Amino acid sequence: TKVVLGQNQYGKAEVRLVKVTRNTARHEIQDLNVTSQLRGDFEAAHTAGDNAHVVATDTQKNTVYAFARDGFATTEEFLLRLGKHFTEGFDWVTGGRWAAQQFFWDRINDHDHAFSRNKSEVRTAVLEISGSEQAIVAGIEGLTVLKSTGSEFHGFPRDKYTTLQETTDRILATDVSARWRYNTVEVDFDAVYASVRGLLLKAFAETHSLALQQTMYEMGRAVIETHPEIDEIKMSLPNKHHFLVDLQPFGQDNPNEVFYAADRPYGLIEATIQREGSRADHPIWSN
């Protein structure tokens, strides 16, 4: 009967930007995948098709490139500038979501202007503005890790659908996906990102795993305990199964040496590790 326009947002998604810093002969590369979406009073645009309040997505795109010309210290700093510009430059725009993926490059044999892509991980940043408030979530993804031993899984319930054998020695492989929310905008973004990455890797490798859940808990704990500016960290870790192949039919044995790496299905362990007292339902996690 009666229909109502609810939450909404629009903008330009995946604007691929490469910013080269070449004031000196020692070039620097900043490679980003930027997305910009605005929130505010767009009622008439939906109900009547009145574009008076619709800042064209093409315009949002042009702004990204225009702002990049001035350069930026970090990805987060760049998103902060974009968000401030759109929310303050238009009265009907009250907020939005600006996100970016940052791709890393390494110099080829330390060359001044020749690089190769480091595809082992992708850094992420998301800025959300709501009226007078803003929040930033940084993250990492695509970082595949594996422990060839020092992992076990036993003591789990055994119902009539359980066939999994308990083990005290198995491979533990996953793709590290983690996102953490800052409780302040005054952060050394690059330094914290590198720190967190190292803490996650260290926790994963040095923790004698009794369950992926425990390893993940330890990874999140290390971060919260080391960084006061981080209120919570969410992780989504797939258990990429490496099956110990049965070689007995061929007259052999397999002392935890030969594995079949299955694509699907895979276990998916996810959790939020937070600082006691901090909020547990922040809007930035809604996307």
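In case it trips you up, residue 1 is the first one in the sequence shown, and so on.
Of the two stretches examined, 134-142 and 89-97, the record assigns the greater average C-alpha temperature factor to 89-97. Stretches 70-78 and 115-123 differ in mean CA B factor, with 70-78 having the higher one.
Of the candidates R16, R275, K12, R264, it is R275 whose Cα B-factor is highest according to the PDB record. If you compare the C-alpha temperature factors of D31, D253, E257, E43 in the entry, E43 comes out highest. Ranked against the other modelled residues of its chain, the C-alpha B-factor of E232 as given in the entry falls in the middle third.
In the PDB entry, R107 places in the middle third of its chain by CA B-factor. The PDB entry assigns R170 a C-alpha temperature factor belonging to the lowest third of its chain's modelled residues. In this PDB entry, the Cα temperature factor of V20 sits in the bottom third of its chain's modelled residues, the lowest group. Compared with the other modelled residues of the chain, the Cα B-factor recorded for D50 ranks in the highest third.
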